[PDB]
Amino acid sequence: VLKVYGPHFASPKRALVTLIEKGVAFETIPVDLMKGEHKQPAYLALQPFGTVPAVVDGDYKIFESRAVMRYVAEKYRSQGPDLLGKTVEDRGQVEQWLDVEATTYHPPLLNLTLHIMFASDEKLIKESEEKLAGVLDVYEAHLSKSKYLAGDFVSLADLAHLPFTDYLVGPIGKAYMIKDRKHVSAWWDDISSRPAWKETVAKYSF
């Protein structure tokens, strides 16, 4: 059975929500980051960068949360929603917005997340919020003409935004970044209410 390491943290929930969306059986294994368990040789053999998640599926091992999403969505492509889309063109749009999350949306969000948890670099915080807001403005324009990021179907690209945006509008206290943008807000309301996400949060929150 597929095993996911570090379910209580945010990046692993990208994989968990995908697993739950595809109806794939899995177990989770905690990793004690606060006591540095992830920097010890045992976990480093699973994830050489010492970060979570790592996934072991029998003899097969894979890390990087969005790679795991792609692996699960391709391996179990025929069951559940097709989170990769149907055509090569569809998958292209999915890969596109997934990389937008990885390279453009997530990094400034992570900086706000970390540096507001540090109360810190107040210049970095101001820059990170503005960069993120700039990204959300693009999303806003895009989502006003497209139901989901990759098209008229929900995909890995959308699911990838769930764990850290949830943090953003919750304990970080910046719900206005989502709320003040009408189309983004409706999109967020839609994907964050999907049963797979509700189950992920109910089961694996701090």
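We number the residues from 1 along the sequence you see.
- Task: Might you work out how many residues are unmodelled in the deposited sequence between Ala119 and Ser120, and answer none, 1 to 3, 4 to 9, or 10 or more?
- Result: Some 4 to 9 residues are missing between them.
- With reference to the PDB entry, specify whether the mean Cα temperature factor is higher for 110 to 118 or for 86 to 94. The stretch with the larger mean CA B-factor is 110 to 118.
- Message: If you take the mean CA temperature factor per stretch, which one wins between 138 to 146 and 160 to 168?
- Response: For C-alpha atoms only, the mean B-factor is higher in 138 to 146.
- Ranked against its chain, the third holding the CA B-factor of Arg70: It falls in the bottom third of the chain.
- Message: Taking only the Cα B-factors deposited for this chain, tell me whether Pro48 sits in the lowest, middle or highest third.
- Response: It falls in the bottom third of the chain.
- For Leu33, return the chain-relative third of its C-alpha B-factor as stated in the PDB record: lowest, middle or highest. Ranked within chain, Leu33 CA B lands in the lowest tercile.
- Task: Classify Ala42 as lowest, middle or highest third according to the C-alpha B-factor given in the PDB entry, relative to its own chain.
- Result: Within its chain, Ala42 is a middle-third residue by C-alpha B-factor, going by the deposited values.
- Name the third of the chain's ranked CA B-factors that contains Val17, choosing lowest, middle or highest. Ranked within chain, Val17 CA B lands in the middle tercile.
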